[PDB]
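Here are the chains, one letter per residue:
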Amino acid sequence: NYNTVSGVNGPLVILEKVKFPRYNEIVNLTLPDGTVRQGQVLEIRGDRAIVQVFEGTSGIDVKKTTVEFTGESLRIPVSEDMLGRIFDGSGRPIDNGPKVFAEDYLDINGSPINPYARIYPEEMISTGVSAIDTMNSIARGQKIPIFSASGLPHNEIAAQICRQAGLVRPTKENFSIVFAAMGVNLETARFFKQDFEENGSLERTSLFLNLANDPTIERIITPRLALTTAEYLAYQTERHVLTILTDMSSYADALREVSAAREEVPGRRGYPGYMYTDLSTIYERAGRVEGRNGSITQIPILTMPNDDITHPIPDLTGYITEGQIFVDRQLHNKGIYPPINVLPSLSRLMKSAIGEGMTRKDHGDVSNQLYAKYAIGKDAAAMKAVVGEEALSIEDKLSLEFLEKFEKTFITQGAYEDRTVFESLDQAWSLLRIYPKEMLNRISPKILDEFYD
Amino acid sequence: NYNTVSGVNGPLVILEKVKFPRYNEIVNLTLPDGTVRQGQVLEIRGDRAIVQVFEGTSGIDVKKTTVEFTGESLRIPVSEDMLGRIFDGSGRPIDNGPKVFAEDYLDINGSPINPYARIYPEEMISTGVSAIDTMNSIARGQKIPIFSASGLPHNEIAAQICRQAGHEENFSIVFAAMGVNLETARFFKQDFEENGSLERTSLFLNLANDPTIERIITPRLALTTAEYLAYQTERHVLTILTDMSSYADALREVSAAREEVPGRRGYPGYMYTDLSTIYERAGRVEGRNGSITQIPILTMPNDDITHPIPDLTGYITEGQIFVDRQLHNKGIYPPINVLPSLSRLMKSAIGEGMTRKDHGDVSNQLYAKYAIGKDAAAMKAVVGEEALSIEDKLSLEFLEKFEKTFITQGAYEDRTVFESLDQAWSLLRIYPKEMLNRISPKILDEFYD
Amino acid sequence: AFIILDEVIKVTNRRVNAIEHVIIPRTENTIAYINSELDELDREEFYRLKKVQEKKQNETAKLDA
Amino acid sequence: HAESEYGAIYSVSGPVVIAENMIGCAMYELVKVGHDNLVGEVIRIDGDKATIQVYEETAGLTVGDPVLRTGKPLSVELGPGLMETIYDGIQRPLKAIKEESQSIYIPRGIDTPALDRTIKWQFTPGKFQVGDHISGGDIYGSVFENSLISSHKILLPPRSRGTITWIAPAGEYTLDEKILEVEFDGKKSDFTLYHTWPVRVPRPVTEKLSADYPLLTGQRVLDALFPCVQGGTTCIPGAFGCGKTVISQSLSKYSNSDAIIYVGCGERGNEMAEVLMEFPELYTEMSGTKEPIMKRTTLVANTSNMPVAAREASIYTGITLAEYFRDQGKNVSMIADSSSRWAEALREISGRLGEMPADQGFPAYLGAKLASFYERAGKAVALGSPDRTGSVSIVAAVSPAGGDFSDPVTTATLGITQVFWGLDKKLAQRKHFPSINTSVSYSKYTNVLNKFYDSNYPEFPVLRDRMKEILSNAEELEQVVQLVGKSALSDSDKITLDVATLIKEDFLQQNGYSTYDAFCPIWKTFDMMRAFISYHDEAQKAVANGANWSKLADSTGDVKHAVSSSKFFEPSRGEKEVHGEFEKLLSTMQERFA
């Protein structure tokens, strides 16, 4: 324990008379007021060391402060008792329970899956949503994000997804998920809490809650703890691990804040240059392990700033994660059920859960045909809104009515309403019947004769 | 010589406890692998010195390397036996020939021409292209910049221009490659071989596989070659710098390594004097029958002429040759945009006694017709397909006609000034005689044929 | 003349429709993207200048000792 | 080897580690730092303290950790055994590392050999006689690794020339066993089947040669619009998740080249996992019976969760491997996934180094490295008595921000590229087939590609220029239709629009999941384009006869449906049945005459 400190500038700390410091090492900071704040080591040069304070450097004496260095790297108290119990962003229990007994102490940074040991996404799952089935399939163990906008029903959609996940999946051992929030709103926290309570999955799931009132360091460290927890659940516990993370934008802005506070060289849009790799850290952690049962399925949730799909956040998210589910504000003001844009939203591998032997061979072709009819309907909608209603051909109006029906019926179901995959395929088969016989060029003759009543 | 160094930052090397250092001097260094390289001292401070490596500082041990300084600046061995031969970026022959006998040895930086000893060339050199010799007059002794885009065949246009260039005395061509691609060098070699003027030409080849930091000296070497050709051999010389954007990027890299104050696009602050030094390789002298004219070529970043490189190149040199990507995407021959393109030497090179008295008038009329056609095109885009009544219709028709005929003369075709004048006279027959306000009474009565 | 006036009115309505969701949206989007690019470039230049000033300040602070 | 040249760890920040008390270490030289003996490359030097860049994870390291300099630069092993092997950033086998560590995760400070020293192969002295004078690049023997690619060349080590002294008899041996001994002015030196070559310096060749040999793309748009020959540089810029990895995998699939080099950089692990899983499932149907795509390709893995420098290291290693494959006298290709990740890695490298950034946070040396990597590949005769003509193609995927070409990566790539293939998110979002802008993507090698396509006496240039002109006219017609309307155009314009839709749906659009449209043969695409041009010329001739466009399109439904049915077709046998359909168009014209 070193009581020696030299300088203080902004939200950081620098100490001397120390040696052999470890990168991102756990360090206990005892202030003059008796306040104990946890911190991590930043860099070490010669006999001098520099670290960043999580709780802030506000109200701390230079010569009256003591510091204890563990020397070990970042360590989290992972266990099998975390299920059903809620934890905060700092690791402390938010459930007001007693001391949690750690089964194992492991680095929250997480270990990248070896390429040869990495197994490809397989099987399938039922999300209860038609768009999460027909338009864009969701594999079990794969990783896909969700792009929403501020003011939109992102929390409601996430709640519906989390509630209908394990419910619909059984129609394909219950599915276990993990809830994680970093620097989010108290209202959204209450909504998410009521959502997890209503879903009743809170007993079989774990929760990491980092309030916006709390520091940025804790919020950024919450994702690491959740990653280590999900990893321990998908490896040591050998169970199916679903990853639900929210408010990534706050963590991003906080990351940019930390990058700017250290006067580091910023990347695009004032963000960090390592931001891509920083996101890719927890992005590439998802996948399947050969020889090991269970898998970690990443279902992140982010909000594009000012409803801009061209924002660096969404760009880097797509550059990190493979595939995403976009939520447009255009259909959010329509009053219809949750606004998923079929065009922008896509899955990395939709061909893995398709074909015969899994569900049906009529899935993929119908998806391509429906996407084609929808896109053609959109272009025809633009043309109709441009020139006029009498300036458009028959196929234009047909695809327009087909897309409108697809939005009003197929796209609009409900939050508490979980549509079965069979119901989705049936509704899609009924949706294709609205279009003409020569309308869909992406469909085969056999499937066309089979689906048409 | 010094075997002791202080520290090394990137390509830049810095030594301590050095005596009798020479700023901007040639230095020969022997590395641990037995490899020898050349370098130039950037700066000297106190007992310490800072030098830069042209071939790169990679793969060198500080302990086993020895830096031998001549104590004098860079001196190139200019000779008249370099005709028809070729050299690398370090000066070594790439033609697989032996070492030529040097006639003289002087600085590659060249020497500044006196203000009162300068001469303003009235010389008229036929370009051979209908869109060249007419629009922007090619004059020996002047400086016309060339700006291109990515994936643009500017090398083909430059080669076709060099082939249609070469009144009893021919014009010598000197080329300087800075970070040039292998395919570019191969195509240039193929064109030069197809022309047959390779025997009367010479160049220093610095490829992309070769160091680009040593290519900056290559251009200076070629400049000194042109200066030695003009001030001694007394002959017409034409200098051309390929991929000058790579040279600017290299200079920006050297400036960035020096941790100095960066300018626009990371360019150096003294680059204004540097770029000028690249544009100072042209001009003739009083009493000299020979004429040296530099015709550098660079690629504008992101197809933007608003970039610092193109802006400085355009502001320094007189006139610039711009290449539109759309007209190049049309499939027609070379895509020169007459709007951005201009020539300041087209004044004294026009009129009777040089080409024709109908030259300047038809040029201004061509520019006016092109501009009117452009505005009529924008109007045709904004308004209907009726081509905006009468005037704009004839303007657009004449614009498209001049684009499909006058703009594209073909790469393998060399046309005279009279042929271009007659073709323009036939192309101006579509428009009324009173429709041209840029043509005077004599010019309107010039060709009624 | 009334029929021709009807056709001309149709052309005018078409031009108005083309000046509504077409030209206006394109110009607005282009202006937005250009503004973003210019602001980002200015931010990068200002960042480089701040880094230069920080470098000079660091050098001066190093020489002061 | 008990030389004990050692510096001490001084300053450590992120991936960057500055080590002092070492004057012996050179720049860009391999050195083992830390207590785990992790590999690293020294970048800069200040006084007695040199700044070193670590290519691995610096987590866990502490001050006082020794750093041993090897004294030599970055190098990789060249020879047999590299085929069908997945190597990490350290060029160590991934399967062997996972088996040794007994964990699905990635450890730190592990040391393993590139190839397998316990691996045996049957090597035979390739046409070389004892006593004959040999030099660097000459083949000292041949060994068959697989049933398809046979006689993997053992090349004479660099900087070696002289006469063959003691060459042991042919037979079964390993890569670590010397198969020959040559006497020279450098006295005695042992030569083996495996020769180590520096990754910093590409494998040298004899002389640069003009490439008249076009490389088969397998894709219609790739063969037509922007061509790529053997040794040519074709850029593959695309947005995030735009199908860049899919297009890369397809390119590594349908390639007509000999070998394939696919190096993932900062990409998803699921991509490499799916690639490794679908590798064995795919087998060649050509010569060399019983052979998969895994044995005919090599995979380098740099994970997104892995180090930043690991991507650039794997890129350079893949470049050296492709250079070694090109030195083997065979046409190969290098597949780079998300080179922009390596660019950003260099950005963080120079950024942490304290150097001033230029564009997009990247350094000013980015363009030099890009141009060097572009000029590195090509078609040239390799070293050795054999005098074979080798070829190396460069394929690099770029992931610009927001799909903007204004990004430094796109510009620097397009600058040194003689060919560029753009990826659009417009047709990718509609679940349409492969998306490329016909008004943007272009190739400078298209001329020589047409001259090469003239070998079969097909017309590439005429059909391509006609289709491109019709495409541009269709674009202008689209702008005009969007301006005024579809009733304000003429019969020729409407026919051009119909031909545009037909060329878009029945040609440009091909299902990759299909058992037919997934791969289009040269003769198939040529016949399709020929029938399209014939139908277009016939329609134009019929329109000039005074016939309406609607009436002409009324009886042309059969020929239209027949033209749209040319996507399925069949195998190599029965191709004539397609050609005959052209006649069915001609007769149809007569049917339009009556």
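Residues numbered from 1 in each chain as written, not as in the entry; some residues may be left out. Chains lettered and ligands numbered in written order. Part of a larger assembly, values for the part shown. Heavy atoms only, no water. Residues with missing side-chain atoms left out of burial classes, pairs and counts.

1. Section: the UniProt feature "binding site: ATP" in chain B
- The UniProt record annotates "binding site: ATP" at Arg344(B).
- With respect to the helices, strands and loops of the structure, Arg344(B) is situated in the loop between α7 (325–330) and α8 (359–382). (UniProt positions renumbered as here; feature names shortened; annotations may be inferred. Helix = DSSP H or I, 4+ residues; strand = E, 2+ residues; numbered from the N terminus.)

2. Brief notes about the interface of chain D and chain A
- Between chain D and chain A, the contact holds 30 residues from the first and 33 residues from the second.
- Among the residues forming the side of chain D that touches chain A, the class breakdown is 13 nonpolar, twelve polar and five charged. (Contact = heavy atoms within 4.5 Å. Nonpolar A, V, L, I, M, F, W, Y, C, P; charged D, E, K, R; others polar.)

3. Things to note about unusual backbone geometry
- Of note in this structure, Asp247(A) is not a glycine but carries a positive phi near 55°.
- Mapped onto the secondary structure, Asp247(A) falls in the loop between β13 (241–246) and α5 (248–261).
- At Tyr457(D), a residue that is not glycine, the phi angle is positive and equals roughly 50°.
- Among the secondary structure elements, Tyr457(D) is positioned in the loop between α9 (446–453) and α10 (460–483).

4. Details of the arrangement of the chains
- Of all three pairs of chains sharing an interface, the pair with the highest contact count is chains A and D.
- Separating chain B from chain C is a minimum C-alpha gap of 7 Å, and the two share no contact.

5. A short note on the pairing of strand β9 (residues 121–124) of chain D
Residues and elements named next belong to chain D.
- Of the pairings in the sheet, the one linking β9 to strand β14 (residues 171–173) comprises three bridges and is antiparallel in character. Paired with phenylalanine 123 across the strands is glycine 171, a residue of β14.
- The sheet contact formed by β9 and strand β11 (residues 139–143) spans two bridges and is antiparallel. Residue pairing in the sheet places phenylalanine 123 in a bridge with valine 143 of β11. (Pairing = 2+ DSSP bridges.)

6. Section: the interface of chain B and chain D
- Contacts between the two partners involve 14 residues from chain B, matched on the other side by twelve residues from chain D.
- Per element, the largest residue contribution to the side of chain B that touches chain D is three residues, and it comes from strand β1 (residues 7–9) of chain B.
- Class assignment of the residues belonging to the side of chain B that touches chain D gives a composition of four nonpolar, eight polar and two charged.

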